[PDB]
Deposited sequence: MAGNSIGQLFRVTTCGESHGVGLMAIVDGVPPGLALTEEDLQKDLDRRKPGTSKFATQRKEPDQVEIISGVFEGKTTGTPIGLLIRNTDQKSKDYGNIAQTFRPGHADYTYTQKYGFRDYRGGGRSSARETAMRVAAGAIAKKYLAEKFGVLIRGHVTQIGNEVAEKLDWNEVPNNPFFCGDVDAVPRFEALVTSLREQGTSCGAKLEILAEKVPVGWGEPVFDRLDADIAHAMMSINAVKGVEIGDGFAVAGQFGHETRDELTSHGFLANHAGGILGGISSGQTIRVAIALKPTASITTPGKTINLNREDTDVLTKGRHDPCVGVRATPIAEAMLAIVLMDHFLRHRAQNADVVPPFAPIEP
């Protein structure tokens, strides 16, 4: 059975079986004034499978999301937004769909309002590791990899794993830039706690980290007041969250997703749009909280 609601102020309540008639979601809290249409939700849904015009065989276009309420004459009403997807079963991506349509709403709002940008990349597949982040690169390839010379190796390992009835794990990094300072609610609802909560709704995640993350176990503490001219430090070891409330820096979150035509070799990659969506959903929730708290 389910436990289907997320958020205190920005809230998403969902329903629907992948084999059922359709999927639904009620999203509460989005301010009135936001230009929004169905296309704004398809763009993100359609990113879970990176074409473009290029995937599998018998490409008949996907199940289309539909706004049932909440927007009048192209802008949000201030009222609960209803989303519906009517399944033409005629594939556990539909298990993911409402989260993404919802995240998109929070992404757009945060972009328009603050210029907050949320994006993710695969730093790793099994034993191949990216070593360079270039954002113009990630949509140019189907692994969401930002290292253009990594891409090729990723390509061979995958071609090498379809050759053998096998699958590999992945590790995704998600950043949220331009996020104001002060968001989060300790004791129990620190922004890092709600972020971990949210990412952990993706199936196959087995760890969540922020900033330098687990490498913290082995570190030693000195970056403190030291000799000479500049002096900082802004290496953002915290991953943009201190004491559980946003810093002003980029927020760095990483998750590790396990091993799962009809061949995955790495499904874990495709987790990036949702991983991206979950961070949007949390931050949006926290923005409203921070605002309500003056």
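Residues 91 to 125, 296 to 317, 352 to 363 of the deposited sequence have no C-alpha coordinates in the structure.
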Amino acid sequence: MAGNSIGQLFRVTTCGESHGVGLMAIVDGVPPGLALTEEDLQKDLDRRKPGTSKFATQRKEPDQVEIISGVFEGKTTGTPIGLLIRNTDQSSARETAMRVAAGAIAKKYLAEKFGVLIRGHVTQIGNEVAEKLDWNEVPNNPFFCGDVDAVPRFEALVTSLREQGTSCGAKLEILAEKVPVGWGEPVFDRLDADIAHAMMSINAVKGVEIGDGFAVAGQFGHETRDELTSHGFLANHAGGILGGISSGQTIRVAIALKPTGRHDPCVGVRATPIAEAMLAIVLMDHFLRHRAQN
From here on, numbers count along this sequence of modelled residues.
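In this crystal structure, the stretch out of 26 to 34 and 56 to 64 whose C-alpha atoms carry the higher mean B factor is 56 to 64. Higher mean CA temperature factor between 224 to 232 and 248 to 256: 224 to 232, per the PDB entry.
Each of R190, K171, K132, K206 has a CA temperature factor in the record; the biggest one is found at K132.
Within the selection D212, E95, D194, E112, the deposited Cα B-factor values reach their highest point at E95. Among the modelled residues of its chain, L117 has a C-alpha B-factor that falls in the middle third, as given in the PDB entry. When the modelled residues of the chain are ordered by their C-alpha B factor, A104 lands in the lowest third. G239: CA B factor in the lowest third of modelled residues in this chain (values from the PDB entry). Ranked by Cα temperature factor within the chain, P152 sits in the highest third according to the deposited record.
Sorting the modelled residues of the chain by their CA temperature factor places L83 in the lowest third.
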